[PDB]
Amino acid sequence: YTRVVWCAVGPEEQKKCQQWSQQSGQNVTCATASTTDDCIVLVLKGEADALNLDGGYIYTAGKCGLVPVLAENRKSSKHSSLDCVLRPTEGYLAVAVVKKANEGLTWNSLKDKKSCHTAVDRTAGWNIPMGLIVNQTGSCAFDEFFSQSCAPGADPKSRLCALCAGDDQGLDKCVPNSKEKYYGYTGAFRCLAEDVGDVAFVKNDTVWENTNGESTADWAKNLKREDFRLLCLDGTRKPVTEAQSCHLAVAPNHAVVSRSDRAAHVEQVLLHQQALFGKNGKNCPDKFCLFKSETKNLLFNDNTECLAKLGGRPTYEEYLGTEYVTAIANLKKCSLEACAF
Ligand SMILES: *[C@@H]1O[C@H](CO)[C@@H](O[C@@H]2O[C@H](CO)[C@@H](O[C@H]3O[C@H](CO)[C@@H](O[C@@H]4O[C@H](CO)[C@@H](O[C@H]5O[C@H](CO)[C@@H](O[C@@H]6O[C@H](CO)[C@@H](O)[C@H](O)[C@@H]6O)[C@H](O)[C@@H]5O)[C@H](O)[C@@H]4O)[C@H](O)[C@@H]3O)[C@H](O)[C@H]2NC(C)=O)[C@H](O)[C@H]1NC(C)=O
Ligand SMILES: *[C@@H]1O[C@H](CO)[C@@H](O[C@@H]2O[C@H](CO)[C@@H](O[C@@H]3O[C@H](CO[C@@H]4O[C@H](CO)[C@@H](O)[C@H](O)[C@@H]4O)[C@@H](O[C@H]4O[C@H](CO)[C@@H](O)[C@H](O)[C@@H]4O)[C@H](O)[C@@H]3O)[C@H](O)[C@H]2NC(C)=O)[C@H](O)[C@H]1NC(C)=O
Ligand SMILES: *[C@@H]1O[C@H](CO)[C@@H](O[C@@H]2O[C@H](CO)[C@@H](O)[C@H](O)[C@H]2NC(C)=O)[C@H](O)[C@H]1NC(C)=O
Ligand SMILES: C[C@@H]1O[C@@H](O)[C@H](O)[C@H](O)[C@H]1O
Ligand SMILES: [Fe+3]
Ligand SMILES: [Zn+2]
Ligand SMILES: [Zn+2]
């Protein structure tokens with residue numbers, strides 16, 4: 001009744017979820033699926049209650065009647081007066097990132113280069129950059145723009161998966177879960193850093209979190225911010241310090257979603273879980289921390305300070321905003337109102 005079933009995507013989220021479940025005295029239990037879409041289907045059936053979604057997936061889920069419940073909020077320099085839970089969310093910066101050493105690569109010379117995407121259907125990794133590229137090219141053949149990519153969730157035999165690596169054993173090439181080596185923000189940035197691709201479509205925060213000693217992960221140990229450049233829409237290249245003047249869009253924060261009839265109960269439970277396991281929680285450093293997973297963004301983004309109440313009790317369309325929503329609608333007309341399942 002007052003027990004919430006979390007949906008985990010893939011085996012590593014399942015493991016973190018199992019630890020959370022144990023620590024919460026089974027106030028939270030876990031269902032697992034191989035993809036985010038499969039998790040949304042579990043929620044629709046009533047077999048799971050909730051999961052934290054990227055903006056692009058909130059759009060999929062919303063068309064099926066799921067609703068935003070609480071949003072990730074990270075640290076801000078403005079609005080510092082208000083408590084984290086009550087503070088408005090700011091949104092993250094979607095950016096395109098290249099190596100400094102790859103000279104003369106600009107936004108206007110991306111055609112036939114190698115790209116690294118978080119996953120198909122995601123905001124910074126897919127919807128924003130491909131929407132821009134479709135508009136600019138006047139063509140829906142975005143699968144022929146780049147010579148080779150890693151875009152988890154695309155056909156494994158296509159060029160959109162050519163650069164994906166799969167797991168330790170080479171299995172699960174291009175699956176949109178953290179088994180794929182180049183999945184997610186961190187995976188797409190790794191694909192760039194290892195020089196598999198020429199450009200990575202990620203958010204501003206990923207670059208900072210994985211450079212200048214901020215990670216310690218073996219591939220990121222020695223990465224320096226100065227070795228990277230952002231691509232701006234005016235054809236220039238800028239240091240990573242200038243993302244406020246050199247980004248592709250501001251994205252709505254990742255948010256917990258649930259079935260409408262469950263929303264109120266999911267919200268109550270999660271507010272109490274973060275008091276126990278969130279940033280300054282009673283049990284975090286000691287027993288368990290909800291918002292940590294060694295740079296791997298499992299369940300929630302590691303930079304999350306708290307989950308925030310929404311206010312204006314927004315629908316999915318209001319939460320995402322009219323800007324972003326019409327961008328996805330236009331791109332989706334390349335690949336009609338209804339749930340996708
Ligand atoms: C791209 O992504 C990166 C990564 O996410 C991001 O950089 C991070 O941004 C955070 C800032 O928003 C960084 O700050 C945090 O970490 C520092 C560690 O050094 C901590 O140190 C202090 O924290 C205190 C308390 O919060 C700060 O004091 C606050 O209060 C004062 C009141 O006087 C205010 O200062 C003012 O700030 C304004 C606006 O910036 C400035 O113009 C004024 O001149 C004035 O000085 C302000 O409210 C302060 O926050 C104190 O100043 C220190 O910050 C904190 O805990 C802090 O929260 C975080 O470290 C960054 N991460 C990393 C890894 O580098 C980028 O911002 C992002 N870029 C874009 C464009 O979004
Ligand atoms: C790829 O290209 C496509 C096609 O161009 C883009 O889709 C278009 O995006 C436009 C920008 O979002 C969009 O423009 C319209 O803008 C109006 C006005 O926006 C207003 O903002 C005001 C803030 O000052 C605010 O006061 C207003 O309330 C309002 O929000 C929006 O309203 C119009 O629509 C009404 C339709 O009946 C009309 O009555 C009214 O007078 C306005 O004209 C409107 O919703 C819309 O956002 C445009 O509609 C989109 N075009 C098409 C054909 O769909 C994508 O964004 C591009 N992709 C990317 C990633 O950039
Ligand atoms: C699991 O959830 C329960 C229910 O919310 C928590 O126990 C409740 O504690 C509150 C006050 O803190 C009481 O008002 C309720 O009576 C309790 N519920 C019942 C029926 O036991 C409990 O703290 C949670 N446990 C953990 C570790 O998260
Ligand atoms: C936290 C939440 O975030 C967005 O939905 C809006 O900016 C809104 O104003 C705020 O309440
Ligand atoms: Fe995202
Ligand atoms: Zn902007
Ligand atoms: Zn409303």
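In listed order, ligands and their atoms are each counted from 1. Residues take their numbers from the sequence shown, with the count starting at 1. Hydrogens, waters and symmetry mates play no part in the numbers below; they use all other heavy atoms, side chains included.
For atom 65 (O) of ligand 1, the closest non-hydrogen atom on the protein side is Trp208 CE3, 3.7 Å. The closest protein non-hydrogen atom to atom 64 (C) of ligand 1 is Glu214 OE1, 3.7 Å. Among all non-hydrogen protein atoms, the one lying nearest atom 4 (C) of ligand 3 is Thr2 CG2, 4.2 Å. Among all non-hydrogen protein atoms, the one lying nearest atom 9 (O) of ligand 2 is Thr326 OG1, 3.8 Å. Among protein heavy atoms, the minimum distance from atom 12 (O) of ligand 2 is reached at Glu323 OE1, 3.0 Å. The nearest heavy-atom contact from the protein to atom 70 (C) of ligand 1 is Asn204 ND2, 3.5 Å. For atom 10 (C) of ligand 1, the closest non-hydrogen atom of the protein is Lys75 CG, 4.8 Å. Closest protein heavy atom to atom 7 (O) of ligand 2: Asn330 ND2, 3.0 Å. Counting only heavy atoms of the protein, atom 23 (O) of ligand 3 lies nearest to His272 NE2, 3.6 Å. Atom 45 (O) of ligand 2 has its closest protein heavy atom at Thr322 CG2, 4.1 Å.
Proximity of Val269 to ligand 3, defined as any heavy-atom pair under 4.0 Å, is not found for any part of the residue. Contacts with ligand 1 closer than 4.0 Å are made by no heavy atom of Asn303, backbone or side chain.
Between the side chains of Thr123 and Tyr57, no donor N or O sits under 3.5 Å from an acceptor N or O. Under 3.5 Å, the side chains of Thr29 and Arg3 contain a donor-acceptor pair of N or O atoms. Side chains of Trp107 and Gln136: a donor on one and an acceptor on the other come within 3.5 Å. Under 3.5 Å, the side chains of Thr236 and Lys238 contain a donor-acceptor pair of N or O atoms. A donor and an acceptor atom, one from each side chain of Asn303 and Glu209, are located under 3.5 Å apart. Side-chain N/O atoms of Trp20 and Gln273 include a donor and acceptor closer than 3.5 Å. No hydrogens or angles considered: nothing links the side chains of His79 and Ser81 as a donor-acceptor pair under 3.5 Å. Under 3.5 Å, the side chains of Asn253 and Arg74 contain a donor-acceptor pair of N or O atoms.
For ligand 2, the atoms lying closer than 4.0 Å to a non-hydrogen atom of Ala327 are 60 (C). Set against the non-hydrogen atoms of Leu276, the atoms of ligand 3 under 4.0 Å away are 26 (C), 28 (O). Applying the 4.0 Å criterion to heavy atoms of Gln244 picks out, from ligand 1, the atoms 71 (C). Taking every heavy atom of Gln273 and a limit of under 4.0 angstrom, the matching atoms of ligand 3 come to 28 (O).
Note on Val266: it clusters hydrophobically with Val67, by side-chain heavy-atom contacts below 4.5 Å among ILVMFWY residues.
For atom 22 (C) of ligand 2, no protein heavy-atom neighbour is found at a distance under 4.0 Å. There is a protein heavy atom closer than 4.0 angstrom to atom 4 (C) of ligand 1. At a distance under 4.0 Å, no protein heavy atom can be found next to atom 54 (O) of ligand 1. At least one protein heavy atom sits closer than 4.0 Å to atom 1 (C) of ligand 2. At a distance under 4.0 Å, no protein heavy atom can be found next to atom 31 (C) of ligand 1. Using a 4.0 Å threshold on non-hydrogen atoms, atom 8 (C) of ligand 3 does not count as touching the protein. Distance remark: protein heavy atom not present below 4.0 angstrom from atom 67 (O) of ligand 1. In this structure, atom 7 (O) of ligand 1 has no protein heavy-atom contact shorter than 4.0 Å. For atom 26 (O) of ligand 2, no protein heavy-atom neighbour is present inside the 4.0 Å cut-off. Inside a 4.0 Å radius of atom 23 (O) of ligand 1 there is not any protein heavy atom. There is a protein heavy atom closer than 4.0 angstrom to atom 55 (C) of ligand 2. By the definition of a contact as any protein heavy atom under 4.0 Å away, atom 1 (C) of ligand 3 is in contact. Distances from atom 49 (O) of ligand 2 to the protein include no heavy-atom value under 4.0 Å. Using a 4.0 Å threshold on non-hydrogen atoms, atom 1 (C) of ligand 1 counts as touching the protein. Contact annotation for atom 31 (C) of ligand 2: protein absent (non-hydrogen atoms, distance under 4.0 Å). Atom 57 (C) of ligand 1 is not flagged as protein-proximal [any protein heavy atom, distance under 4.0 Å].
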Checklist entry - Can you list the steps and then say if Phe228 with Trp208 is a ring pair (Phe, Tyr, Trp, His ring centres under 6.0 Å)? => result CA-CA 11 Å; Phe228 293 95; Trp208 293 76; over 10 Å; no
Next on the checklist: Set out, in order, the CA-CA distance, both residues' side-chain angles and the distance that settles side-chain contact (heavy atoms from CB on, under 4.5 Å) for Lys224 and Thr211, then state yes or no.
Outcome noted: CA-CA 5 Å; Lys224 194 307 148 183; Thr211 54; over 6 Å; no
Item to check | salt bridge (charged side-chain N to carboxylate O under 4.0 Å, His left out) assessment of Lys100 paired with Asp227 | outcome: CA-CA 5 Å; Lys100 192 203 186 174; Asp227 287 349; over 6 Å; no
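The closest non-hydrogen atom to atom 40 (O) of ligand 1, taken over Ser76, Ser77, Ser245, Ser80, comes from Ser77.
At least one N or O atom of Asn135 sits closer than 3.5 Å to an N or O atom of ligand 2. The shortest N or O to N or O distance between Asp205 and ligand 1 is under 3.5 Å. An N or O contact shorter than 3.5 Å is missing between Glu209 and ligand 1 by distance. Close N/O approach between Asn27 and ligand 3 is found [any backbone or side-chain N/O within under 3.5 Å].
Within the structure, ligand 3 lacks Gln26 among the residues with a heavy atom less than 4.0 angstrom away.
Among the candidates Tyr319, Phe291, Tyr92, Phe300, the single residue satisfying the ring-ring contact (aromatic ring centres under 6.0 Å, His included) test with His254 is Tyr92.
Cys116 does not pair with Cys150 as a disulfide, the SG atoms being 2.5 Å or more apart. Disulfide status for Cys306 with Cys84: present, SG atoms under 2.5 Å apart.
Contact check for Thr304 versus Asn73: no side-chain heavy atoms found under the 4.5 Å cut-off.
Cation-pi geometry between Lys63 and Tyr316 is not met at under 6.0 angstrom from the ring centre and within 45 degrees of the axis. For the pair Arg122 and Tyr183, the distance from NZ or CZ to the six-membered ring centre is under 6.0 Å and the angle to the ring normal is within 45 degrees.
Nearest approach of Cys7 to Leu51, heavy atoms of both residues: O-CB, 3.7 Å.
Heavy atoms from other residues, nucleotides or ligands lying under 6.0 Å from NZ of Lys15 number 12 at most.
Ion pairing between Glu90 and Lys75 fails under the 4.0 Å rule for side-chain N and carboxylate O.
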